[PDB]
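One structure below.
With ideal geometry, Cβ positions are generated from the backbone for all residues, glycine too; neighbour counts draw on all protein chains shown. Any read-out appearing in this document is the output of simple, stated calculations on the displayed coordinates, not a laboratory observation.
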Number of protein chains: 2
Amino acid sequence: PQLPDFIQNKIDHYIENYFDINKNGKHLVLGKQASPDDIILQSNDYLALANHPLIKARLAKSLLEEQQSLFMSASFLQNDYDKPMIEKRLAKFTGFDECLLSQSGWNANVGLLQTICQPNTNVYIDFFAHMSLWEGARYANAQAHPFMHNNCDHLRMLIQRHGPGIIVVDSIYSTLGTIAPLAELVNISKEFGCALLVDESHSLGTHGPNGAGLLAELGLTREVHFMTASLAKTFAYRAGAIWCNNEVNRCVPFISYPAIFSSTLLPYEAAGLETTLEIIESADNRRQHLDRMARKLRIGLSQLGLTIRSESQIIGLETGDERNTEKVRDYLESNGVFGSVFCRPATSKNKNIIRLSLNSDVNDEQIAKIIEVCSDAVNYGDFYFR
Amino acid sequence: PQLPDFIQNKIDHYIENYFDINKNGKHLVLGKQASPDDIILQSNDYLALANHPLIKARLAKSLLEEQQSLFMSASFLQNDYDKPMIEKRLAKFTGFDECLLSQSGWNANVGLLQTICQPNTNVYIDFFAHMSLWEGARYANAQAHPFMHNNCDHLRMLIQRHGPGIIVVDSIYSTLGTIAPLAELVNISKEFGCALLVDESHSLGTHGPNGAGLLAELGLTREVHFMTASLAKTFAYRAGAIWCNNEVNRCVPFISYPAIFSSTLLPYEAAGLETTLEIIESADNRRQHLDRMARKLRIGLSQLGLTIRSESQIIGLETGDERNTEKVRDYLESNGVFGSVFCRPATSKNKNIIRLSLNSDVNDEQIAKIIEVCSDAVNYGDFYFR
Ligand SMILES: Cc1ncc(COP(=O)(O)O)c(C=O)c1O
Ligand SMILES: Cc1ncc(COP(=O)(O)O)c(C=O)c1O
Ligand SMILES: [Mg+2]
Ligand SMILES: [Mg+2]
């Protein structure tokens with residue numbers, strides 16, 4: 001049937017201004033198809049566990065077991081005997097008191113914020129913190145106060161003005177790969193009587209003792225109120241989790257709308273995560289190699305005069321406007337380097353990022369090639385870098 | 001660390017008013033543990049497919065295959081070669097032009113509404129429509145105009161007053177099991193130049209030719225703009241889908257925040273759905289049996305004086321306030337009948353429901369037993385039904 005004018009107008013306008021403008025007629029994030037020979041730096045699977053035979057075996061085994069039909073809200077599954085062992089193990093892993101499974105990192109953040117916020121609750125959020133955190137705050141009708149990226153001085157002034165609130169940060173930032181000043185943030189939380197929420201999606205598994213994370217690495221675990229993470233990065237699974245050093249996870253399952261009104265992870269999924277955790281705990285070798293390759297790439301690109309703000313395995317090439325970003329993308333892909341285009345609504349219109357996500361399967365030769373491709377891009381490329 | 005007052009006060013109040021007041025000290029939804037002999041009416045797996053040997057085998061096999069590391073946004077996977085066969089099959093199944101997979105039914109609704117709504121778009125939503133639709137409208141900053149349940153007069157008045165917009169309904173309602181007046185809603189949409197969105201979460205698989213849904217059953221497919229569904233009901237899988245009789249699914253992947261910022265389903269998950277679809281297509285006998293059992297139950301309960309608004313496999317026992325609901329729940333569970341308590345925020349505080357979700361494994365003896373238990377419950381004097 002015919003669409004009403006206001007919907008048709010929106011779709012017509014969108015296709016013109018987001019698909020039709022680009023050379024290939026597709027959205028800016030969609031370039032050319034990658035060949036087997038190309039270097040792919042797009043996946044969040046940092047320790048290259050997507051195809052791990054032990055994970056696949058345990059997941060298949062658990063699925064083939066007699067399946068109880070648990071197609072329902074997790075609200076109904078909160079009796080002690082119905083809660084999955086993975087929660088207790090992830091809590092022990094990170095050093096937090098309690099863990100609660102969620103269907104996504106997005107839902108973990110939205111759910112936690114809905115539970116701990118009242119309307120007009122002060123939420124002090126890093127300008128570059130994940131969209132799920134910004135949205136979580138917005139859905140709860142909290143008062144969001146952005147602070148300049150990693151700027152503790154700016155943060156202090158905001159809390160001085162508005163009073164006690166929730167300080168919200170990524171441990172490692174999704175677009176830039178910068179690291180939050182977690183120690184200073186803990187100090188500030190104490191200095192002003194705030195709660196701290198740290199999203200460790202990009203540090204859990206890759207950082208800390210046995211991959212326990214950045215809070216564990218810095219010995220700050222017992223001074224942080226909340227941590228969250230997508231399990232779709234290093235844990236290579238479509239899920240999320242909320243950790244609390246308090247009783248909040250007793251309440252989340254009955255308060256969070258995504259936790260109430262969206263279906264639970266099935267029991268076999270929880271079992272697969274148990275194996276993933278064991279593999280991650282022992283993956284000292286992969287973590288070290290990733291760390292070394294990441295440092296090499298950061299040093300190599302910084303030498304070219306490129307702005308590389310990263311301190312991690314996530315490297316952000318800052319490519320300015322969309323037209324320029326299309327050029328940089330086309331050049332890199334033409335020379336066998338496939339990153340991820342980060343544009344609006346993930347960034348502002350004129351501050352786009354081509355994100356290179358490193359994983360432990362990337363070797364010295366590939367690292368050298370990336371620097372080589374970027375060097376030719378700086379010197380011979382008909383485009384700029386911010 | 002101890003929580004600051006602004007959180008602690010909320011949590012304290014919540015525990016007091018939602019956990020402490022109940023006899024067992026737990027949330028209202030949490031009763032006693034069921035025995036293997038008990039009648040369990042809690043799962044949305046209407047055709048009892050959770051333990052189907054063929055589905056399990058297809059998933060495990062596709063899981064054990066060589067997996068590509070696709071842990072990223074689905075926006076990066078919108079090339080024709082990256083889009084799954086299940087989407088084309090599901091579109092043919094329902095008779096809709098195009099289908100787009102989502103991570104949940106919740107995400108399907110939230111994403112679609114974000115794509116087709118502008119700020120202040122009129123959204124005419126049934127009082128009892130699923131929370132995901134209410135929230136999808138709220139996130140999009142749409143103007144919600146709630147209409148009395150299944151009340152086309154109230155809807156007509158609202159659209160005359162506020163103008164063209166989007167009419168949003170469940171085909172079969174999640175708490176009451178009532179059926180939307182879909183033919184009349186199609187007429188109203190045409191008369192007033194509105195778009196119609198129908199959530200078929202509770203009719204897809206159970207109703208229509210080969211389980212194609214209620215729109216298909218009524219021959220209304222080609223007159224409806226959008227249909228959505230959780231695949232976590234009859235399809236017994238943690239996913240959702242958006243169907244369009246237009247070009248909107250071209251745009252959803254790049255606009256919807258869950259589609260953009262949350263990880264996609266993996267290829268093996270899609271293959272599992274293909275097998276599930278085939279089984280559902282041929283499950284005529286299961287559909288027929290469920291339909292017969294559900295009618296038998298509604299007849300049996302309604303003659304006892306209970307209000308039973310249902311016309312489907314979802315049967316809502318209307319139990320009034322929370323104190324009454326607790327007593328009803330306890331009686332039913334003590335006598336071997338386990339439904340799901342639906343209370344706030346899913347219902348009003350004084351209009352709680354104990355939902356009986358029937359499935360095709362339920363037999364005549366069990367239906368007779370439920371009727372017997374409720375017959376004795378009516379005469380017991382400890383509580384009431386509405
Ligand atoms: C009518 C209706 N729509 C959407 C959903 C969302 O389903 P899902 O569990 O796949 O998120 C459900 C609730 O779970 C539902 O009952
Ligand atoms: C920092 C951060 N937090 C949370 C999420 C949400 O992850 P998920 O894909 O599991 O919804 C992501 C985005 O993918 C992320 O990068
Ligand atoms: Mg990310
Ligand atoms: Mg439901």
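Below, the figures for the structure above:
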item	result
Order of A:274, B:200, A:65 - criterion: other Cβ atoms within 10 Å of each residue's Cβ, fewest first	A:65, A:274, B:200
Local net charge near residue B:310, Cβ-Cβ under 11 Å (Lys/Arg +1, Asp/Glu -1)	+2
Residue of chain B whose Cβ sits closest to the axis mapping B onto A, with distance in whole Å	B:60, 2
Length released on extending from residue B:288 to residue B:191, taking residue separation times 0.36 nm less the Cα-Cα span	31.4 nm
Whole-Hz ³J(HN,Hα) from phi, Karplus 6.51 cos²θ - 1.76 cosθ + 1.60, for the range B:231-247, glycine and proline x	9, 9, 9, 4, 6, 6, 8, 7, 6, x, 8, 10, 10, 10, 9, 6, 9
Range of Cα positions in the range A:52-283 per principal axis (Å), largest first	57, 36, 28
Cut-off under 5 Å, modelled amide H: who pairs with residue A:45 long-range	B:71
Summed residue charge, Cβ within 11 Å of residue A:229's Cβ, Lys/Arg positive, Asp/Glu negative	-2
Amide H partners (placed H, <5 Å) of residue A:199, local residues excluded	A:169, A:170, A:171, A:228
Charge dipole (chain B, unit charges on Cβ, about Cα centre) - positive-most of B:178, B:193, B:331	B:193
The protein assembly as shown: Rg to Rh, with Rh as the Kirkwood radius over Cα pairs	0.96
Nearest-first distances (nm) between copies at residue B:369, label 7 Å from Cα via Cβ	6.4
Net charge of Cβ neighbours under 11 Å - reference residue A:70; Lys, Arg +1; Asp, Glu -1	-2
Cβ-vector label at 7 Å, residue A:20, separations to other copies in nm	6.2
Selected from B:48, B:239, B:368 as most flexible by GNM, with chain B as the system and alpha-carbon contacts under 10 Å	B:368
Gain in span if fully extended, residue B:88 to residue B:141, counting 0.36 nm per residue against the direct Cα distance	15.9 nm
Between the range B:231-245 and the range B:170-199, the Cα center-to-center distance that results, in Å	19
Test item: B:23-34 mean partner chain Cβ contacts at 10 Å	3
Charge dipole (debye, nearest 20) of chain A; +1 at Cβ of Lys and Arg, -1 at Cβ of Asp and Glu	340
Amide proton proximity set for residue A:143, modelled H, under 5 Å, gap of 5+	A:120, A:121, A:122, A:123
Loop-resident sites, the range A:1-98, for chymotrypsin sites (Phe, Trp or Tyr not before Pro), counting at most 14 other Cβ within 10 Å (DSSP)	A:81
Protection proxy ranking of B:262-268, B:300-306 - average other beta-carbon atoms within 10 Å, highest first	B:262-268, B:300-306
Other protein chain Cβ atoms within 10 Å, averaged over every residue that makes up B:135-141	1
Theoretical gain in end-to-end length, residue A:120 to residue A:330 [0.36 nm per residue, Cα-Cα removed]	71.1 nm
Exposure proxy order (Cβ contacts within 10 Å, fewest to most) of B:147, A:127	A:127, B:147
0 to 90° range, to nearest 10: angle between helix A:284-302 axis and chain A longest Cα axis	40
Angle in degrees between helix A:105-116 and the longest Cα principal axis of chain A, rounded to the nearest 10	50
Choice from B:238, B:344, B:138 with maximal GNM fluctuation in chain B (Cα, 10 Å cutoff)	B:344
The range A:247-335 - percent relative contact order, Cα under 8 Å, separation 6 or more	13
Shielding of B:240-252 by partner chains, average beta-carbon count, 10 Å	3
Helical mean residue ellipticity (222 nm; -39500 (n - 2.57) per DSSP H run of 4+; nearest 500) of chain B	-12000 deg cm²/dmol
Using alpha-carbon coordinates, inclination of helix A:85-94 to the longest axis of chain A, degrees	70
Contact order normalised by residue count of chain B, Cα under 8 Å, 6+ apart, percent	22
Candidates B:150, B:17, B:249, ranked by Gaussian network fluctuation over chain B, Cα under 10 Å, top entry	B:17
³J(HN,Hα), Karplus 6.51/-1.76/1.60, whole Hz, each residue of the range A:60-69, x for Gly, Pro	4, 4, 5, 5, 6, 5, 4, 8, 6, 8
Förster-model FRET efficiency, 25 Å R0, residue A:386 and residue A:151, C-beta, rounded to 0.05	0.85
Residues residue B:34 and residue B:364, FRET efficiency given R0 of 30 Å [Cβ-Cβ distance, rounded to 0.05]	0.90
Label point 7 Å beyond Cα along the C-beta direction, distances from residue B:320 to other copies (nm, shortest first)	7.2
³J(HN,Hα), Karplus 6.51/-1.76/1.60, whole Hz, each residue of the range B:78-83, x for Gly, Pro	9, 5, 3, 7, 9, 8
